[PDB]
$ cat query16.cif   # mmCIF, N, CA, C and O atoms
data_target
#
loop_
_atom_site.label_atom_id
_atom_site.label_comp_id
_atom_site.auth_asym_id
_atom_site.auth_seq_id
_atom_site.Cartn_x
_atom_site.Cartn_y
_atom_site.Cartn_z
N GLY A 1 -66.16 -19.37 94.71
CA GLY A 1 -66.35 -20.33 93.64
C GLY A 1 -67.05 -19.73 92.44
O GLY A 1 -67.30 -18.52 92.39
N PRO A 2 -67.38 -20.56 91.46
CA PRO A 2 -68.03 -20.06 90.25
C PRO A 2 -69.48 -19.68 90.54
O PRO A 2 -70.14 -20.31 91.36
N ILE A 3 -69.98 -18.66 89.86
CA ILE A 3 -71.40 -18.40 89.91
C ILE A 3 -72.14 -19.54 89.22
O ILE A 3 -71.70 -20.02 88.16
N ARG A 4 -73.23 -20.01 89.82
CA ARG A 4 -74.02 -21.10 89.25
C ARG A 4 -75.47 -20.69 89.06
O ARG A 4 -76.00 -19.88 89.83
N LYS A 5 -76.11 -21.23 88.04
CA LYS A 5 -77.56 -21.13 87.89
C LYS A 5 -78.16 -22.46 88.29
O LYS A 5 -77.73 -23.48 87.80
N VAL A 6 -79.14 -22.43 89.17
CA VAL A 6 -79.76 -23.64 89.73
C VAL A 6 -81.27 -23.57 89.62
O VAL A 6 -81.87 -22.55 89.93
N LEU A 7 -81.90 -24.65 89.16
CA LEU A 7 -83.35 -24.70 89.03
C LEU A 7 -83.96 -25.42 90.22
O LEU A 7 -83.47 -26.48 90.61
N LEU A 8 -85.04 -24.87 90.77
CA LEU A 8 -85.77 -25.48 91.89
C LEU A 8 -87.24 -25.60 91.49
O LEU A 8 -87.79 -24.68 90.89
N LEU A 9 -87.84 -26.77 91.75
CA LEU A 9 -89.25 -27.01 91.46
C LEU A 9 -90.00 -27.14 92.77
O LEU A 9 -89.61 -27.92 93.64
N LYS A 10 -91.09 -26.40 92.92
CA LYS A 10 -91.87 -26.46 94.15
C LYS A 10 -93.36 -26.23 93.93
O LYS A 10 -93.76 -25.37 93.14
N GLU A 11 -94.17 -27.03 94.61
CA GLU A 11 -95.61 -26.87 94.57
C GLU A 11 -95.96 -25.61 95.34
O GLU A 11 -95.08 -24.89 95.82
N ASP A 12 -97.25 -25.35 95.44
CA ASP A 12 -97.74 -24.20 96.15
C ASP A 12 -98.01 -24.44 97.64
O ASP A 12 -98.02 -23.54 98.39
N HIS A 13 -98.07 -25.70 98.04
CA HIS A 13 -98.31 -26.06 99.45
C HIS A 13 -97.04 -26.08 100.29
O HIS A 13 -97.12 -26.29 101.50
N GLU A 14 -95.89 -25.89 99.66
CA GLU A 14 -94.59 -25.98 100.32
C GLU A 14 -93.86 -24.63 100.32
O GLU A 14 -94.14 -23.79 99.51
N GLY A 15 -92.91 -24.51 101.23
CA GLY A 15 -91.94 -23.43 101.12
C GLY A 15 -90.74 -23.85 100.27
O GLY A 15 -90.74 -24.93 99.65
N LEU A 16 -89.72 -23.01 100.23
CA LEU A 16 -88.51 -23.34 99.49
C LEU A 16 -87.70 -24.43 100.18
O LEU A 16 -86.98 -25.15 99.52
N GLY A 17 -87.78 -24.51 101.50
CA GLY A 17 -86.98 -25.48 102.23
C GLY A 17 -85.58 -24.98 102.54
O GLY A 17 -84.62 -25.75 102.58
N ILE A 18 -85.44 -23.68 102.75
CA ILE A 18 -84.16 -23.14 103.17
C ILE A 18 -84.35 -22.14 104.28
O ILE A 18 -85.43 -21.57 104.45
N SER A 19 -83.28 -21.95 105.05
CA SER A 19 -83.20 -20.83 105.97
C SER A 19 -82.17 -19.89 105.40
O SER A 19 -81.12 -20.32 104.91
N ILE A 20 -82.49 -18.60 105.44
CA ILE A 20 -81.55 -17.58 105.00
C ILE A 20 -81.15 -16.66 106.14
O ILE A 20 -81.93 -16.43 107.08
N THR A 21 -79.93 -16.15 106.06
CA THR A 21 -79.45 -15.16 106.99
C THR A 21 -78.75 -14.04 106.20
O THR A 21 -78.66 -14.11 104.98
N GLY A 22 -78.30 -13.00 106.88
CA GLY A 22 -77.59 -11.94 106.21
C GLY A 22 -78.53 -10.90 105.65
O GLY A 22 -79.69 -10.81 106.05
N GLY A 23 -78.02 -10.09 104.73
CA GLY A 23 -78.79 -9.01 104.15
C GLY A 23 -78.01 -7.70 104.15
O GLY A 23 -77.10 -7.51 104.96
N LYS A 24 -78.38 -6.80 103.26
CA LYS A 24 -77.62 -5.57 103.07
C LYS A 24 -77.41 -4.76 104.34
O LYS A 24 -76.34 -4.16 104.53
N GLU A 25 -78.40 -4.73 105.22
CA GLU A 25 -78.27 -3.94 106.44
C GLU A 25 -77.19 -4.50 107.37
O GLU A 25 -76.75 -3.82 108.30
N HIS A 26 -76.75 -5.72 107.09
CA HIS A 26 -75.69 -6.36 107.86
C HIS A 26 -74.37 -6.41 107.11
O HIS A 26 -73.38 -6.94 107.60
N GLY A 27 -74.37 -5.85 105.90
CA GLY A 27 -73.17 -5.81 105.09
C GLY A 27 -72.76 -7.15 104.51
O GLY A 27 -71.60 -7.33 104.13
N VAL A 28 -73.70 -8.08 104.41
CA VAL A 28 -73.39 -9.36 103.81
C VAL A 28 -74.52 -9.81 102.90
O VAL A 28 -75.65 -9.33 103.00
N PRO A 29 -74.22 -10.75 101.99
CA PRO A 29 -75.23 -11.25 101.06
C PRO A 29 -76.36 -11.97 101.79
O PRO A 29 -76.26 -12.27 102.98
N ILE A 30 -77.42 -12.27 101.05
CA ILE A 30 -78.40 -13.23 101.52
C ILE A 30 -77.75 -14.61 101.43
O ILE A 30 -77.40 -15.07 100.33
N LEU A 31 -77.56 -15.25 102.58
CA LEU A 31 -76.83 -16.52 102.65
C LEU A 31 -77.73 -17.66 103.09
O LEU A 31 -78.55 -17.51 104.00
N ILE A 32 -77.57 -18.81 102.45
CA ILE A 32 -78.28 -20.00 102.88
C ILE A 32 -77.60 -20.58 104.12
O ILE A 32 -76.43 -20.95 104.07
N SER A 33 -78.33 -20.63 105.22
CA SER A 33 -77.77 -21.18 106.45
C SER A 33 -78.28 -22.59 106.74
O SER A 33 -77.66 -23.30 107.52
N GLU A 34 -79.40 -22.97 106.14
CA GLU A 34 -79.93 -24.33 106.27
C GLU A 34 -80.60 -24.76 104.99
O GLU A 34 -81.22 -23.96 104.30
N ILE A 35 -80.46 -26.05 104.70
CA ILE A 35 -81.23 -26.72 103.66
C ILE A 35 -82.04 -27.80 104.38
O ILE A 35 -81.48 -28.74 104.95
N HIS A 36 -83.36 -27.66 104.39
CA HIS A 36 -84.17 -28.59 105.17
C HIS A 36 -84.38 -29.90 104.42
O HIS A 36 -84.78 -29.90 103.27
N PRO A 37 -84.08 -31.03 105.07
CA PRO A 37 -84.06 -32.30 104.34
C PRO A 37 -85.42 -32.64 103.78
O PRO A 37 -86.44 -32.49 104.46
N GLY A 38 -85.43 -33.05 102.51
CA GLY A 38 -86.64 -33.53 101.87
C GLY A 38 -87.53 -32.45 101.27
O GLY A 38 -88.50 -32.76 100.60
N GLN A 39 -87.20 -31.18 101.51
CA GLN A 39 -87.98 -30.06 100.98
C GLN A 39 -87.38 -29.58 99.64
O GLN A 39 -86.36 -30.12 99.20
N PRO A 40 -88.02 -28.62 98.96
CA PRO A 40 -87.65 -28.44 97.55
C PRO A 40 -86.18 -28.10 97.29
O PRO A 40 -85.63 -28.59 96.30
N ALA A 41 -85.54 -27.28 98.12
CA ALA A 41 -84.14 -26.95 97.85
C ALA A 41 -83.25 -28.18 97.95
O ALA A 41 -82.34 -28.38 97.14
N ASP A 42 -83.51 -29.02 98.95
CA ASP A 42 -82.77 -30.27 99.08
C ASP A 42 -82.98 -31.13 97.84
O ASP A 42 -82.02 -31.65 97.25
N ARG A 43 -84.24 -31.27 97.44
CA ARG A 43 -84.58 -32.12 96.31
C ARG A 43 -84.00 -31.65 94.99
O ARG A 43 -83.67 -32.47 94.14
N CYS A 44 -83.87 -30.33 94.83
CA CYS A 44 -83.31 -29.77 93.61
C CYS A 44 -81.89 -30.28 93.38
O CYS A 44 -81.51 -30.60 92.25
N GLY A 45 -81.12 -30.36 94.46
CA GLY A 45 -79.75 -30.85 94.40
C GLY A 45 -78.59 -29.86 94.26
O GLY A 45 -77.44 -30.20 94.52
N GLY A 46 -78.90 -28.63 93.86
CA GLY A 46 -77.88 -27.65 93.50
C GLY A 46 -77.66 -26.49 94.45
O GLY A 46 -76.86 -25.60 94.15
N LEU A 47 -78.37 -26.49 95.58
CA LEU A 47 -78.28 -25.41 96.56
C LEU A 47 -77.69 -25.95 97.84
O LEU A 47 -78.09 -27.03 98.29
N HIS A 48 -76.78 -25.20 98.44
CA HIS A 48 -76.06 -25.70 99.60
C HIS A 48 -75.83 -24.63 100.65
O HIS A 48 -75.78 -23.43 100.35
N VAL A 49 -75.70 -25.08 101.89
CA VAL A 49 -75.39 -24.19 102.99
C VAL A 49 -74.11 -23.43 102.67
O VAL A 49 -73.11 -24.02 102.23
N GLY A 50 -74.15 -22.11 102.85
CA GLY A 50 -73.01 -21.27 102.55
C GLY A 50 -73.14 -20.54 101.23
O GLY A 50 -72.41 -19.59 100.97
N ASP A 51 -74.06 -21.00 100.37
CA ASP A 51 -74.33 -20.29 99.13
C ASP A 51 -74.89 -18.90 99.39
O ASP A 51 -75.76 -18.71 100.24
N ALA A 52 -74.39 -17.92 98.64
CA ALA A 52 -75.01 -16.61 98.59
C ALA A 52 -76.03 -16.63 97.47
O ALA A 52 -75.72 -17.11 96.37
N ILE A 53 -77.24 -16.15 97.74
CA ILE A 53 -78.24 -16.03 96.69
C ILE A 53 -78.11 -14.68 96.03
O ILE A 53 -78.42 -13.63 96.61
N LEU A 54 -77.61 -14.70 94.80
CA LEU A 54 -77.37 -13.47 94.05
C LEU A 54 -78.62 -12.95 93.37
O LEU A 54 -78.81 -11.75 93.22
N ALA A 55 -79.49 -13.86 92.94
CA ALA A 55 -80.70 -13.46 92.24
C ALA A 55 -81.66 -14.63 92.24
O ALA A 55 -81.25 -15.79 92.37
N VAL A 56 -82.95 -14.32 92.11
CA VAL A 56 -83.96 -15.36 91.96
C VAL A 56 -84.92 -14.92 90.88
O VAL A 56 -85.43 -13.79 90.91
N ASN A 57 -85.14 -15.79 89.90
CA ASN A 57 -85.97 -15.44 88.76
C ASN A 57 -85.64 -14.07 88.16
O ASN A 57 -86.54 -13.31 87.80
N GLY A 58 -84.35 -13.76 88.06
CA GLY A 58 -83.90 -12.51 87.47
C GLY A 58 -84.00 -11.29 88.38
O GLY A 58 -83.67 -10.18 87.95
N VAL A 59 -84.45 -11.48 89.61
CA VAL A 59 -84.50 -10.39 90.58
C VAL A 59 -83.21 -10.38 91.39
O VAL A 59 -82.93 -11.32 92.13
N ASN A 60 -82.42 -9.32 91.25
CA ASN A 60 -81.15 -9.21 91.96
C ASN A 60 -81.39 -9.13 93.46
O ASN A 60 -82.21 -8.33 93.93
N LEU A 61 -80.68 -9.96 94.22
CA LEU A 61 -80.76 -9.93 95.67
C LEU A 61 -79.45 -9.49 96.32
O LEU A 61 -79.28 -9.63 97.52
N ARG A 62 -78.53 -8.95 95.53
CA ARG A 62 -77.20 -8.63 96.07
C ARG A 62 -77.18 -7.41 96.99
O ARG A 62 -76.27 -7.27 97.81
N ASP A 63 -78.15 -6.52 96.84
CA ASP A 63 -78.20 -5.32 97.69
C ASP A 63 -79.50 -5.24 98.48
O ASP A 63 -79.94 -4.16 98.85
N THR A 64 -80.13 -6.39 98.70
CA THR A 64 -81.42 -6.41 99.37
C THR A 64 -81.27 -6.63 100.86
O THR A 64 -80.39 -7.36 101.31
N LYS A 65 -82.14 -5.98 101.63
CA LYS A 65 -82.21 -6.18 103.07
C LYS A 65 -82.87 -7.52 103.36
O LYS A 65 -83.57 -8.07 102.53
N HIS A 66 -82.64 -8.03 104.56
CA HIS A 66 -83.13 -9.35 104.91
C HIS A 66 -84.61 -9.57 104.61
O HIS A 66 -84.97 -10.54 103.93
N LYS A 67 -85.47 -8.68 105.12
CA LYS A 67 -86.91 -8.89 104.97
C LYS A 67 -87.39 -8.63 103.54
O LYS A 67 -88.38 -9.22 103.09
N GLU A 68 -86.69 -7.77 102.82
CA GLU A 68 -86.96 -7.59 101.40
C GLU A 68 -86.75 -8.93 100.70
O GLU A 68 -87.57 -9.37 99.89
N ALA A 69 -85.64 -9.58 100.99
CA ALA A 69 -85.35 -10.87 100.39
C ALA A 69 -86.39 -11.92 100.76
O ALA A 69 -86.77 -12.74 99.92
N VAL A 70 -86.86 -11.93 102.01
CA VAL A 70 -87.89 -12.88 102.40
C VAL A 70 -89.14 -12.69 101.54
O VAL A 70 -89.69 -13.65 101.01
N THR A 71 -89.57 -11.45 101.37
CA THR A 71 -90.77 -11.19 100.58
C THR A 71 -90.58 -11.64 99.13
O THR A 71 -91.42 -12.36 98.56
N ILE A 72 -89.44 -11.27 98.56
CA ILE A 72 -89.16 -11.62 97.18
C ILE A 72 -89.09 -13.13 97.00
O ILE A 72 -89.75 -13.69 96.12
N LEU A 73 -88.30 -13.80 97.84
CA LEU A 73 -88.14 -15.24 97.70
C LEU A 73 -89.45 -16.02 97.90
O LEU A 73 -89.74 -16.96 97.15
N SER A 74 -90.24 -15.63 98.90
CA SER A 74 -91.47 -16.35 99.20
C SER A 74 -92.56 -16.14 98.17
O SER A 74 -93.53 -16.90 98.12
N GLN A 75 -92.42 -15.11 97.35
CA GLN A 75 -93.38 -14.85 96.29
C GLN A 75 -93.20 -15.78 95.10
O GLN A 75 -94.12 -15.93 94.29
N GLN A 76 -92.02 -16.37 94.95
CA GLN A 76 -91.76 -17.16 93.75
C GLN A 76 -92.48 -18.50 93.79
O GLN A 76 -92.60 -19.10 94.86
N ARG A 77 -92.97 -18.94 92.65
CA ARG A 77 -93.77 -20.16 92.57
C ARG A 77 -93.28 -21.07 91.44
O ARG A 77 -92.83 -20.62 90.45
N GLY A 78 -93.46 -22.37 91.63
CA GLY A 78 -93.31 -23.32 90.54
C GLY A 78 -91.86 -23.62 90.20
O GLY A 78 -91.12 -24.18 91.02
N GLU A 79 -91.47 -23.26 88.98
CA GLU A 79 -90.11 -23.45 88.49
C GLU A 79 -89.32 -22.19 88.74
O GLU A 79 -89.57 -21.16 88.11
N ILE A 80 -88.38 -22.26 89.66
CA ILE A 80 -87.71 -21.08 90.19
C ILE A 80 -86.21 -21.16 89.92
O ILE A 80 -85.55 -22.12 90.33
N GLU A 81 -85.66 -20.15 89.25
CA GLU A 81 -84.25 -20.15 88.90
C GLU A 81 -83.45 -19.32 89.90
O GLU A 81 -83.78 -18.16 90.15
N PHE A 82 -82.41 -19.91 90.46
CA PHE A 82 -81.53 -19.21 91.39
C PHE A 82 -80.19 -18.96 90.74
O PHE A 82 -79.69 -19.77 89.96
N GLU A 83 -79.60 -17.82 91.06
CA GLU A 83 -78.20 -17.58 90.73
C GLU A 83 -77.48 -17.52 92.06
O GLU A 83 -77.83 -16.70 92.92
N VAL A 84 -76.51 -18.40 92.26
CA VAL A 84 -75.87 -18.54 93.57
C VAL A 84 -74.36 -18.66 93.43
O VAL A 84 -73.84 -18.98 92.36
N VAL A 85 -73.65 -18.40 94.52
CA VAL A 85 -72.21 -18.61 94.52
C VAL A 85 -71.75 -18.98 95.91
O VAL A 85 -72.23 -18.43 96.90
N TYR A 86 -70.85 -19.96 95.97
CA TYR A 86 -70.26 -20.35 97.24
C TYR A 86 -68.89 -19.72 97.41
O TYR A 86 -68.01 -19.92 96.58
N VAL A 87 -68.72 -18.97 98.50
CA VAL A 87 -67.44 -18.34 98.81
C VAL A 87 -66.89 -18.89 100.13
O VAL A 87 -67.64 -19.05 101.09
N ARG B 1 -76.43 -12.32 115.71
CA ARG B 1 -76.31 -10.92 115.34
C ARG B 1 -77.10 -10.62 114.07
O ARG B 1 -77.71 -9.55 113.95
N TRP B 2 -77.07 -11.55 113.12
CA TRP B 2 -77.92 -11.48 111.94
C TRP B 2 -79.20 -12.27 112.18
O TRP B 2 -79.20 -13.24 112.92
N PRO B 3 -80.24 -11.87 111.54
CA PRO B 3 -81.50 -12.59 111.63
C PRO B 3 -81.48 -13.83 110.72
O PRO B 3 -80.77 -13.85 109.77
N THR B 4 -82.32 -14.80 111.05
CA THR B 4 -82.50 -15.96 110.20
C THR B 4 -83.98 -16.12 109.95
O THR B 4 -84.78 -15.98 110.88
N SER B 5 -84.35 -16.42 108.71
CA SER B 5 -85.75 -16.69 108.39
C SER B 5 -85.82 -18.03 107.67
O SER B 5 -85.01 -18.32 106.78
N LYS B 6 -86.81 -18.83 108.06
CA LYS B 6 -87.09 -20.09 107.39
C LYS B 6 -88.14 -19.83 106.32
O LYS B 6 -89.21 -19.29 106.60
N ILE B 7 -87.83 -20.21 105.08
CA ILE B 7 -88.68 -19.87 103.95
C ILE B 7 -88.85 -21.04 103.00
O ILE B 7 -88.21 -22.09 103.17
#
$ encode --input "query16.cif" --output "structure tokens"
Amino acid sequence: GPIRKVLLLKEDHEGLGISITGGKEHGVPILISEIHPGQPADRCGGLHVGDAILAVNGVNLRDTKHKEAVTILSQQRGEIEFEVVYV
Amino acid sequence: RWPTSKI
């Protein structure tokens, strides 16, 4: 599908509200495997299971290993911009 | 086969 830019708002007491799988060491993108109900990704409205996370706040995640992506994603705070695509 | 992390 089309590449999309999606905005997510989150306080500091919460996580993103997603589960991710995949990563460069597995030969696949960072993929959203769960959107947890009522948490920030769900509330944002624009992120869905099956989306590949291409970048977050301008940080490319297309060639990142799983745990690299966890560190990068969990560091983001407040108003967080995602670039995603559903294939 | 792939890992999953809740974040």
$ atom_distance --input "query16.cif" --atom1 "atom CA of residue B:3" --atom2 "atom C of residue A:46"
22.4 Å
$ resolve_selection --input "query16.cif" --expression "the PyMOL selection byres ((chain A and name CA) within 6 of (chain B and name CA))" --output "list in words"
residues 15, 16, 18, 19, 20, 21 and 22 of chain A
$ residues_around --input "query16.cif" --residues "stretch 6-8 of chain A" --least-positions-apart "2" --cutoff "8 Å" --atoms "only C-alpha atoms" --output "tab-separated table (two decimals) with N, CA, C and O atoms, in the coordinates of the input"
chain	number	residue	atom	x	y	z
A	4	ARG	N	-73.23	-20.01	89.82
A	4	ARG	CA	-74.02	-21.10	89.25
A	4	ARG	C	-75.47	-20.69	89.06
A	4	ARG	O	-76.00	-19.88	89.83
A	10	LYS	N	-91.09	-26.40	92.92
A	10	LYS	CA	-91.87	-26.46	94.15
A	10	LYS	C	-93.36	-26.23	93.93
A	10	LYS	O	-93.76	-25.37	93.14
A	40	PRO	N	-88.02	-28.62	98.96
A	40	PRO	CA	-87.65	-28.44	97.55
A	40	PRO	C	-86.18	-28.10	97.29
A	40	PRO	O	-85.63	-28.59	96.30
A	41	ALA	N	-85.54	-27.28	98.12
A	41	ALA	CA	-84.14	-26.95	97.85
A	41	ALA	C	-83.25	-28.18	97.95
A	41	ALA	O	-82.34	-28.38	97.14
A	44	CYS	N	-83.87	-30.33	94.83
A	44	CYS	CA	-83.31	-29.77	93.61
A	44	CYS	C	-81.89	-30.28	93.38
A	44	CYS	O	-81.51	-30.60	92.25
A	46	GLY	N	-78.90	-28.63	93.86
A	46	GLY	CA	-77.88	-27.65	93.50
A	46	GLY	C	-77.66	-26.49	94.45
A	46	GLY	O	-76.86	-25.60	94.15
A	47	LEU	N	-78.37	-26.49	95.58
A	47	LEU	CA	-78.28	-25.41	96.56
A	47	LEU	C	-77.69	-25.95	97.84
A	47	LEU	O	-78.09	-27.03	98.29
A	78	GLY	N	-93.46	-22.37	91.63
A	78	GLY	CA	-93.31	-23.32	90.54
A	78	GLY	C	-91.86	-23.62	90.20
A	78	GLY	O	-91.12	-24.18	91.02
A	79	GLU	N	-91.47	-23.26	88.98
A	79	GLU	CA	-90.11	-23.45	88.49
A	79	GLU	C	-89.32	-22.19	88.74
A	79	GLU	O	-89.57	-21.16	88.11
A	80	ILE	N	-88.38	-22.26	89.66
A	80	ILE	CA	-87.71	-21.08	90.19
A	80	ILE	C	-86.21	-21.16	89.92
A	80	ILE	O	-85.55	-22.12	90.33
A	81	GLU	N	-85.66	-20.15	89.25
A	81	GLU	CA	-84.25	-20.15	88.90
A	81	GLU	C	-83.45	-19.32	89.90
A	81	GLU	O	-83.78	-18.16	90.15
A	82	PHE	N	-82.41	-19.91	90.46
A	82	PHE	CA	-81.53	-19.21	91.39
A	82	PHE	C	-80.19	-18.96	90.74
A	82	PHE	O	-79.69	-19.77	89.96
A	83	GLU	N	-79.60	-17.82	91.06
A	83	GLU	CA	-78.20	-17.58	90.73
A	83	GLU	C	-77.48	-17.52	92.06
A	83	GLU	O	-77.83	-16.70	92.92
A	84	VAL	N	-76.51	-18.40	92.26
A	84	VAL	CA	-75.87	-18.54	93.57
A	84	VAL	C	-74.36	-18.66	93.43
A	84	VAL	O	-73.84	-18.98	92.36
$ atom_distance --input "query16.cif" --atom1 "atom C of residue A:13" --atom2 "atom O of residue A:74"
10.1 Å
$ atom_distance --input "query16.cif" --atom1 "atom C of residue A:39" --atom2 "atom O of residue A:27"
27.6 Å
$ residues_around --input "query16.cif" --residues "residue A:53" --least-positions-apart "5" --cutoff "8 Å" --atoms "only N, CA, C and O atoms" --output "PDB file with N, CA, C and O atoms, in the frame of the given file"
ATOM      1  N   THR A  21     -79.930 -16.150 106.060  1.00  0.00           N
ATOM      2  CA  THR A  21     -79.450 -15.160 106.990  1.00  0.00           C
ATOM      3  C   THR A  21     -78.750 -14.040 106.200  1.00  0.00           C
ATOM      4  O   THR A  21     -78.660 -14.110 104.980  1.00  0.00           O
ATOM      5  N   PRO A  29     -74.220 -10.750 101.990  1.00  0.00           N
ATOM      6  CA  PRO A  29     -75.230 -11.250 101.060  1.00  0.00           C
ATOM      7  C   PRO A  29     -76.360 -11.970 101.790  1.00  0.00           C
ATOM      8  O   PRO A  29     -76.260 -12.270 102.980  1.00  0.00           O
ATOM      9  N   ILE A  30     -77.420 -12.270 101.050  1.00  0.00           N
ATOM     10  CA  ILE A  30     -78.400 -13.230 101.520  1.00  0.00           C
ATOM     11  C   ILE A  30     -77.750 -14.610 101.430  1.00  0.00           C
ATOM     12  O   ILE A  30     -77.400 -15.070 100.330  1.00  0.00           O
ATOM     13  N   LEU A  31     -77.560 -15.250 102.580  1.00  0.00           N
ATOM     14  CA  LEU A  31     -76.830 -16.520 102.650  1.00  0.00           C
ATOM     15  C   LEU A  31     -77.730 -17.660 103.090  1.00  0.00           C
ATOM     16  O   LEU A  31     -78.550 -17.510 104.000  1.00  0.00           O
ATOM     17  N   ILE A  32     -77.570 -18.810 102.450  1.00  0.00           N
ATOM     18  CA  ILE A  32     -78.280 -20.000 102.880  1.00  0.00           C
ATOM     19  C   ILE A  32     -77.600 -20.580 104.120  1.00  0.00           C
ATOM     20  O   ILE A  32     -76.430 -20.950 104.070  1.00  0.00           O
ATOM     21  N   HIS A  48     -76.780 -25.200  98.440  1.00  0.00           N
ATOM     22  CA  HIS A  48     -76.060 -25.700  99.600  1.00  0.00           C
ATOM     23  C   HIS A  48     -75.830 -24.630 100.650  1.00  0.00           C
ATOM     24  O   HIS A  48     -75.780 -23.430 100.350  1.00  0.00           O
ATOM     25  N   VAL A  59     -84.450 -11.480  89.610  1.00  0.00           N
ATOM     26  CA  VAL A  59     -84.500 -10.390  90.580  1.00  0.00           C
ATOM     27  C   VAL A  59     -83.210 -10.380  91.390  1.00  0.00           C
ATOM     28  O   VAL A  59     -82.930 -11.320  92.130  1.00  0.00           O
ATOM     29  N   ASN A  60     -82.420  -9.320  91.250  1.00  0.00           N
ATOM     30  CA  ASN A  60     -81.150  -9.210  91.960  1.00  0.00           C
ATOM     31  C   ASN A  60     -81.390  -9.130  93.460  1.00  0.00           C
ATOM     32  O   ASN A  60     -82.210  -8.330  93.930  1.00  0.00           O
ATOM     33  N   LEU A  61     -80.680  -9.960  94.220  1.00  0.00           N
ATOM     34  CA  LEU A  61     -80.760  -9.930  95.670  1.00  0.00           C
ATOM     35  C   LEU A  61     -79.450  -9.490  96.320  1.00  0.00           C
ATOM     36  O   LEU A  61     -79.280  -9.630  97.520  1.00  0.00           O
ATOM     37  N   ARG A  62     -78.530  -8.950  95.530  1.00  0.00           N
ATOM     38  CA  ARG A  62     -77.200  -8.630  96.070  1.00  0.00           C
ATOM     39  C   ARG A  62     -77.180  -7.410  96.990  1.00  0.00           C
ATOM     40  O   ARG A  62     -76.270  -7.270  97.810  1.00  0.00           O
ATOM     41  N   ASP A  63     -78.150  -6.520  96.840  1.00  0.00           N
ATOM     42  CA  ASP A  63     -78.200  -5.320  97.690  1.00  0.00           C
ATOM     43  C   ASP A  63     -79.500  -5.240  98.480  1.00  0.00           C
ATOM     44  O   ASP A  63     -79.940  -4.160  98.850  1.00  0.00           O
ATOM     45  N   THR A  64     -80.130  -6.390  98.700  1.00  0.00           N
ATOM     46  CA  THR A  64     -81.420  -6.410  99.370  1.00  0.00           C
ATOM     47  C   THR A  64     -81.270  -6.630 100.860  1.00  0.00           C
ATOM     48  O   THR A  64     -80.390  -7.360 101.310  1.00  0.00           O
ATOM     49  N   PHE A  82     -82.410 -19.910  90.460  1.00  0.00           N
ATOM     50  CA  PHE A  82     -81.530 -19.210  91.390  1.00  0.00           C
ATOM     51  C   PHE A  82     -80.190 -18.960  90.740  1.00  0.00           C
ATOM     52  O   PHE A  82     -79.690 -19.770  89.960  1.00  0.00           O
ATOM     53  N   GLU A  83     -79.600 -17.820  91.060  1.00  0.00           N
ATOM     54  CA  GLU A  83     -78.200 -17.580  90.730  1.00  0.00           C
ATOM     55  C   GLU A  83     -77.480 -17.520  92.060  1.00  0.00           C
ATOM     56  O   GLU A  83     -77.830 -16.700  92.920  1.00  0.00           O
ATOM     57  N   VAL A  84     -76.510 -18.400  92.260  1.00  0.00           N
ATOM     58  CA  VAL A  84     -75.870 -18.540  93.570  1.00  0.00           C
ATOM     59  C   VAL A  84     -74.360 -18.660  93.430  1.00  0.00           C
ATOM     60  O   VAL A  84     -73.840 -18.980  92.360  1.00  0.00           O
ATOM     61  N   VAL A  85     -73.650 -18.400  94.520  1.00  0.00           N
ATOM     62  CA  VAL A  85     -72.210 -18.610  94.520  1.00  0.00           C
ATOM     63  C   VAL A  85     -71.750 -18.980  95.910  1.00  0.00           C
ATOM     64  O   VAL A  85     -72.230 -18.430  96.900  1.00  0.00           O
ATOM     65  N   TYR A  86     -70.850 -19.960  95.970  1.00  0.00           N
ATOM     66  CA  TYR A  86     -70.260 -20.350  97.240  1.00  0.00           C
ATOM     67  C   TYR A  86     -68.890 -19.720  97.410  1.00  0.00           C
ATOM     68  O   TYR A  86     -68.010 -19.920  96.580  1.00  0.00           O
TER      69      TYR A  86
END
$ select_by_dssp --input "query16.cif" --residues "chain A" --states "strand (DSSP E or B)" --output "VMD selection string"
chain A and resid 4 to 10 18 to 23 28 to 35 51 to 56 59 to 60 78 to 86
$ closest_residue --input "query16.cif" --among "A:54, A:72, A:49, A:35" --to "residue A:87" --atoms "all atoms listed in the file"
A:49
$ residues_around --input "query16.cif" --residues "residue A:77" --least-positions-apart "4" --cutoff "9 Å" --atoms "only C-alpha atoms" --output "NGL selection string"
:A and (9-12)
$ axis_aligned_box --input "query16.cif" --around "chain B" --padding-each-side "6 Å" --output "JSON"
{"center_x": -82.8, "center_y": -15.8, "center_z": 109.4, "size_x": 24.9, "size_y": 24.5, "size_z": 24.7}
$ decode --input "query16.cif" --residues "stretch 26-32 of chain A" --atoms "N, CA and C atoms" --output "PDB file, in the first residue's frame"
ATOM      1  N   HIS A  26      16.421 -10.996  10.594  1.00  0.00           N
ATOM      2  CA  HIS A  26      15.452 -11.976  10.125  1.00  0.00           C
ATOM      3  C   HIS A  26      15.048 -11.748   8.678  1.00  0.00           C
ATOM      4  N   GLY A  27      15.631 -10.727   8.065  1.00  0.00           N
ATOM      5  CA  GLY A  27      15.348 -10.416   6.678  1.00  0.00           C
ATOM      6  C   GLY A  27      13.978  -9.815   6.436  1.00  0.00           C
ATOM      7  N   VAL A  28      13.382  -9.241   7.474  1.00  0.00           N
ATOM      8  CA  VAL A  28      12.095  -8.591   7.306  1.00  0.00           C
ATOM      9  C   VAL A  28      12.053  -7.279   8.064  1.00  0.00           C
ATOM     10  N   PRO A  29      11.113  -6.406   7.691  1.00  0.00           N
ATOM     11  CA  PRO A  29      10.988  -5.109   8.359  1.00  0.00           C
ATOM     12  C   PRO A  29      10.605  -5.262   9.823  1.00  0.00           C
ATOM     13  N   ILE A  30      10.673  -4.153  10.552  1.00  0.00           N
ATOM     14  CA  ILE A  30      10.034  -4.079  11.856  1.00  0.00           C
ATOM     15  C   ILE A  30       8.532  -4.007  11.607  1.00  0.00           C
ATOM     16  N   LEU A  31       7.812  -5.030  12.053  1.00  0.00           N
ATOM     17  CA  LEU A  31       6.382  -5.157  11.768  1.00  0.00           C
ATOM     18  C   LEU A  31       5.546  -5.053  13.031  1.00  0.00           C
ATOM     19  N   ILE A  32       4.432  -4.340  12.939  1.00  0.00           N
ATOM     20  CA  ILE A  32       3.491  -4.293  14.048  1.00  0.00           C
ATOM     21  C   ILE A  32       2.679  -5.582  14.082  1.00  0.00           C
TER      22      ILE A  32
END
